[PDB]
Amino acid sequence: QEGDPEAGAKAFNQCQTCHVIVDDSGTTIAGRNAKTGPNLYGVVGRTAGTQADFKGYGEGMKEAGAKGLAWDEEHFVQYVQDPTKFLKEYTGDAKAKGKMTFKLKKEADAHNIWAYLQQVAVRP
């Protein structure tokens, strides 16, 4: 309830055109080798804009992590619906821009995907 991992796994497919989920051993949990967006393994509770390998983070994303933004379900669900709007508010700035060019419409899928991330993307 309030999040379905199995439905989240299916909804996460649309994210694979840009993201991947690869643990620290090199094993792929989900993905087709997409590199447009950062590796989402270990994102749960991680400070926005700090995945060690991703070199394409925007300034808004990085200044939100600097202001102490750490991914949880609340902020996660808000961000995926509109990356730009989300980053403008949080950051306080107005001309802050997000580089993720995608929007998840249904808020339900937001919770389902987050439940999927806690099930397979949490770095112990």
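The first residue of the sequence shown is number 1, and the count goes up from there.
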Quick note on 103 to 111 and 18 to 26: per-entry mean CA temperature factor is higher in 103 to 111
Do the C-alpha atoms of 43 to 51 or of 82 to 90 have the higher average B factor in the entry?
82 to 90
Relative to the other modelled residues of the same chain, rank the CA B-factor of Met61 and answer lowest, middle or highest third.
middle
In terms of its chain's C-alpha B-factors, the third that includes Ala34 is the lowest
